[PDB]
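Input: a single structure, listed below in structure tokens.
These numbers come from the heavy atoms of this one structure, side chains and all, not from hydrogens, waters or symmetry mates. First the proteins, then the strands, lettered A, B, ... as listed; each starts at 1.
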Amino acid sequence: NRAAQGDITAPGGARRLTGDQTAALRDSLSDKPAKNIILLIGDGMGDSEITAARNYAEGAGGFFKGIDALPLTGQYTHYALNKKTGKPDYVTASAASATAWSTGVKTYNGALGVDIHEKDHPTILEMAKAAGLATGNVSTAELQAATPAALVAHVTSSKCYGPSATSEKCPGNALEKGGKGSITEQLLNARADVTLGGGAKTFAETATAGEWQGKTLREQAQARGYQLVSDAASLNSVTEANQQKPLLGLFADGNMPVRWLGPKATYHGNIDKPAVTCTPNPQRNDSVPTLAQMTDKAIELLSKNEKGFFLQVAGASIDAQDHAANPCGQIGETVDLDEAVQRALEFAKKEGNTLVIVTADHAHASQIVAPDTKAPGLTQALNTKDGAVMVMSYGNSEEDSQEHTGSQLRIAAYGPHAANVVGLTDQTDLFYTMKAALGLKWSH
Amino acid sequence: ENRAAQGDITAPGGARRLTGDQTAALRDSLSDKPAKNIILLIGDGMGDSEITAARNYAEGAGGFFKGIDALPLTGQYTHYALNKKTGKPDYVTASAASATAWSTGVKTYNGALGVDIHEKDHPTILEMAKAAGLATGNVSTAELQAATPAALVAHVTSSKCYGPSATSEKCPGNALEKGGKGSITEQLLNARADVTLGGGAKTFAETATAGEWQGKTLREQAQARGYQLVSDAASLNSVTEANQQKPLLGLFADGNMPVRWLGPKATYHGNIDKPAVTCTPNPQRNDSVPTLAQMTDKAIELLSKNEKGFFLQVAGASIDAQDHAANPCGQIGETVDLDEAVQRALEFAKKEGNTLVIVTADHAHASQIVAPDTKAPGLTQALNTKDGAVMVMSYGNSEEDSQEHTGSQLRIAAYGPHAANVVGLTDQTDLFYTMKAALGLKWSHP
Ligand SMILES: [Zn+2]
Ligand SMILES: [Zn+2]
Ligand SMILES: [Zn+2]
Ligand SMILES: [Zn+2]
Ligand SMILES: [Zn+2]
Ligand SMILES: [Zn+2]
Ligand SMILES: [Zn+2]
């Protein structure tokens, strides 16, 4: 536990440490191999997003029982490359960054599972599947979006969701042109044991060529022996997920609804509008499973594999709400991810050979600023758990979308080989850290 | 020891900063043994964004700070202050409340220096190290009366109480002539650190209204209390002792010492409407003005002579000043200036073996690294980095002439004995207790 000791106004009352950490940190360090890996990604969850969400939901002296409970921490760099020059591009897109940790190769903004030469590389999910391990891919967003897709697809443009967009924007990857296919076609080919998220609308599209030509991708999946679940009741009813009966969960047309509702940040919002208190999103049906609910069922099904498993969990709507300059939606998705991190650690502590990693693909726009601030961008005053006002600001874009930032950010880990996230590392080091931990070998 | 990119950042594994497994090396970095010395280096407003922007510019994205990034044990720490009336958190701290938190282990309100929300003074880590017979050093690139060096030697209810003039008016409770301990400078001279180096010479021109050295300038008071006064690099070098008999006071500027790099101020649509900038040495900085590393190196040399040990604090204060000024070049230049000082500290620590070196910031700041094409509402600028690529920096949290601090948790890094105590999530106040325990210091207030 790293919460404040007691009276934050008294000497020592704000301390998060109870004593010396040397002995406990020594015991946290293991050279032994990981049987399983649980990688949790908060999309755009920079140190600012963690602090804003803790300050709001848990109080400044508060503590995330998930996100902040990982003992070994560091900062890692996530710059992408300029496709023409091969030089760094200091602000990565979600796809170039997801490619970096899933393949250990940097790439250009737009690329998914391919380097700057458009050459595809095997992913940590593919290599784990090759070694006989169970594979899980869970996201709160569309399964075709950057984070879940980087594990199962190789396309020259991250916009190549289905056959329609692929033929037009990735002619080289289009199935009817000799290519591996759209992100969804490649996802179905990849055959992860557990795939849960949104992006049901692309499964409505039909294949232009191949073995399941003229049938919807939804129909292709059914014909290929997949289990299709669309709500929390049916997801719960699943008892097995393997290579014979793989599980595909489609819980939204696009992105699954955000858990918290609040207004969008506005120009002088902290001055001109009242302090906001986040409310549960009423449009969200209770039948839509949460990230922790999906994480928990994935963990359950994947741990039946005696050789081990690799699971990736993506709190993708953190980024979406940061883009939308919506502090409530953004904080809500950080809280949603914290619940999933808690499930992962609960499991890891009990199992003993599970490496849990919690990080982000890049930093984002949101900043915590003084309540009195007169900023040129979009702002909002929020009423936190402390009973004090916090002002959040979005001042890096005049367009309707707030943008990613290139700041290095927190990488945290628990379990075997977790020492490899401490100090300064690169997003690509994460790939090799995972590969080594599971004792995987290059395969495609 | 090195965390630069392996080779070809475009090739698989070429961008890796790791050469192998880090478990064994991190096990060896962990020491339960006590620290003979501590070197605390503070980059004022040096959030993770400031570290990245500087590295990207000066060393390349796959680059590495031989100082700042060479500390093996790392974590994130929280630096919120308190609202004086409610005692509730104030999510964005000023420099003085944050400096008070790590130097006393007590949170305080924005304005306070060395005092809690009740205006009650608490002993500082410098005071306790001095009480146990250790040598004490306080080095900064800005005014010695400013937040970071001041939090170690003064207790005032307003950080603006530099000299007797401002104190009588804004801190009547602390004013010497009203029974108080005095202005920041009066308290600094009383604190008698063995080594004090920085700016803020103009306040030493003021005379005391009351006390033992009434009617004499604070500069004359220092001389009368056996201090050594140095004002340039040549004189700093000429110093040989620095103890309680002959303490050293270095005043290298009237106010803040000039920044090392010159670049234009960020402007509205600067990345679009103005050419990419390349930072140039500041022509207003004389070579006679000592650098942070030069001051750090002489302080380490003089304090080392103490057989019982020493406590040294080093403040790269102008990082904040240039972030406030939305000047990417000045800001990056001062992060580079601090990296040189961190290098001196580690060079020393690695050789000595019992020195705990800590590198952190008092709070985060405004600057953000954004896409080159960005159309931002605030102030922006395009910069030509070591990579031969353009980096755009943005300042979008203030319409006023000063960019503001941010409340994001930030990096804390450490090397040496008890360095494990910065790993994971901690509080700025945990740093005080980490340093107290490492040196085996006991609560004392002379
Ligand atoms: Zn992203
Ligand atoms: Zn593949
Ligand atoms: Zn995004
Ligand atoms: Zn500051
Ligand atoms: Zn005192
Ligand atoms: Zn020297
Ligand atoms: Zn400041």
Side-chain angles (χ1 to χ4, degrees), chain A residues 41 43-47 74-112 115-116 146 150 158 319 359-365 396 403-411 424-432, chain B residues 3-18 47-65 68-69 271 328 332 335 367-374 382-394 411:
Chain A
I41 305 284
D43 199 334
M45 190 189 72
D47 287 286
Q75 293 80 21
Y76 83 174
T77 56
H78 42 78
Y79 62 95
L81 312 174
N82 173 275
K83 192 194 200 175
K84 285 169 103 199
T85 70
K87 281 164 172 175
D89 189 342
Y90 306 108
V91 184
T92 188
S94 328
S97 46
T99 306
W101 76 72
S102 62
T103 64
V105 213
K106 293 265 185 186
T107 195
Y108 63 94
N109 282 336
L112 187 74
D115 60 19
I116 60 166
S158 52
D319 172 84
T359 195
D361 56 351
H362 50 76
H364 221 298
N396 68 15
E403 301 304 4
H404 303 175
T405 55
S407 174
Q408 71 188 18
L409 48 90
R410 180 186 194 243
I411 180 159
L424 181 73
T425 74
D426 194 71
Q427 202 163 48
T428 62
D429 279 300
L430 178 51
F431 170 75
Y432 291 90
Chain B
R3 293 290 176 101
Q6 189 196 282
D8 188 3
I9 61 168
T10 71
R16 280 162 76 184
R17 300 189 184 275
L18 298 190
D48 286 286
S49 174
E50 287 66 32
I51 299 172
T52 320
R55 182 193 304 121
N56 290 347
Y57 188 88
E59 298 292 356
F64 168 76
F65 276 127
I68 291 163
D69 306 325
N271 66 301
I332 291 161
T335 312
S367 77
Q368 287 187 321
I369 309 147
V370 291
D373 51 272
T374 299
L383 299 129
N384 284 316
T385 79
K386 192 198 193 270
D387 293 308
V390 165
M391 174 171 70
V392 173
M393 278 176 79
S394 170
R411 178 185 192 246

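- One distance of note links CD of A:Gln427 with OG1 of A:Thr92; it measures 6.5 Å at 0.5 Å rounding.
- Of all heavy-atom pairs spanning A:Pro88 and B:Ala389, the tightest one is O-CB, 3.6 Å.
- Atom OH of residue A:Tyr108 and atom OG1 of residue A:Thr99 lie 9.0 Å apart, to the nearest 0.5 angstrom.
- Side-chain contact between A:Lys106 and B:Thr10 is absent, with no heavy atoms from C-beta onward closer than 4.5 Å.
- A:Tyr76 has its side chain within reach of A:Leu409: a pair of non-hydrogen atoms, C-beta onward, lies under 4.5 Å apart.
- With salt bridges taken as basic N to acidic carboxylate O contacts below 4.0 Å, none links B:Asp69 and B:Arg17.
- In this structure, the side chain of A:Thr405 engages the main chain of A:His364 through a donor-acceptor pair within 3.5 Å.
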From CA spacing to verdict: side-chain hydrogen bond (donor to acceptor under 3.5 Å, both in side chains), A:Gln408, B:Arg411: CA-CA 10 Å; A:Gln408 71 188 18; B:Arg411 178 185 192 246; 5.9 Å; no
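- In this structure, A:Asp43 and A:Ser94 approach most closely via the heavy-atom pair OD1-OG, 3.7 Å.
- Annotation for A:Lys83 and A:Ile116: closest pair CG-O, 3.8 Å, computed over non-hydrogen atoms.
- The line from CG of A:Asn109 to CG of A:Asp89 is 4.5 Å long, rounded to the nearest 0.5 Å.
- Between the side chains of B:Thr335 and B:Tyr57, no donor-acceptor pair of N or O atoms lies under 3.5 Å.
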Trace of the side-chain hydrogen bond (donor to acceptor under 3.5 Å, both in side chains) decision for A:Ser407 with B:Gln368: CA-CA 7 Å; A:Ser407 174; B:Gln368 287 187 321; over 6 Å; no
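- Considering all non-hydrogen atoms of both residues, B:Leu383 and B:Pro328 come closest at CD1-CB, 3.8 Å.
- Across B:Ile369 and B:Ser49, no two heavy atoms sit closer than the pair CD1-O, 3.8 Å.
- Side-chain contact check for B:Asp373 versus A:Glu403: every heavy-atom pair is 4.5 Å or farther apart.
- At a threshold of 4.5 Å between non-hydrogen side-chain atoms, the residues A:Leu81 and A:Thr107 do not count as touching.
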Derivation and outcome, side chain to side chain contact (heavy atoms under 4.5 Å, CB included), residues A:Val105 and A:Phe431: CA-CA 9 Å; A:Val105 213; A:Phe431 170 75; over 6 Å; no
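- Residues A:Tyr90 and B:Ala61 approach most closely at CE2-CB, 3.7 Å, considering heavy atoms.
- Of the inter-residue distances, the one linking A:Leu430 atom CG with A:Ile411 atom CD1 reads 4.5 Å to the nearest 0.5 angstrom.
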Verdict with reasoning, B:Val390 to B:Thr385, per side chain to side chain contact (heavy atoms under 4.5 Å, CB included): CA-CA 6 Å; B:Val390 165; B:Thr385 79; over 6 Å; no
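- Ring-plane geometry between A:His404 and A:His362 is classed as parallel, the angle between the planes falling under 30 degrees on a 0 to 90 degree scale with a further cut at 60.
- A donor-acceptor pair is defined here as one N or O able to donate and one able to accept, closer than 3.5 Å; no such pair exists between the side chain of B:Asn56 and the backbone of B:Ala53.
- No side-chain heavy atom of A:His78 sits under 4.5 Å from any side-chain heavy atom of A:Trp101.
- Taking the side chain as every heavy atom from C-beta outward, B:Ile68 and B:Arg55 never approach each other to under 4.5 Å.
- A:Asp361 places a side-chain N or O within donor-acceptor distance of the main-chain N or O of A:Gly44, the cut-off being under 3.5 Å.
- Between the side chain of A:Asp429 and the backbone N or O of B:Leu18, at least one donor-acceptor pair lies under 3.5 Å.
- For the atom pair CD of B:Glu59 and CZ of B:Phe64, the computed distance is 9.5 Å after rounding to the nearest 0.5 Å.
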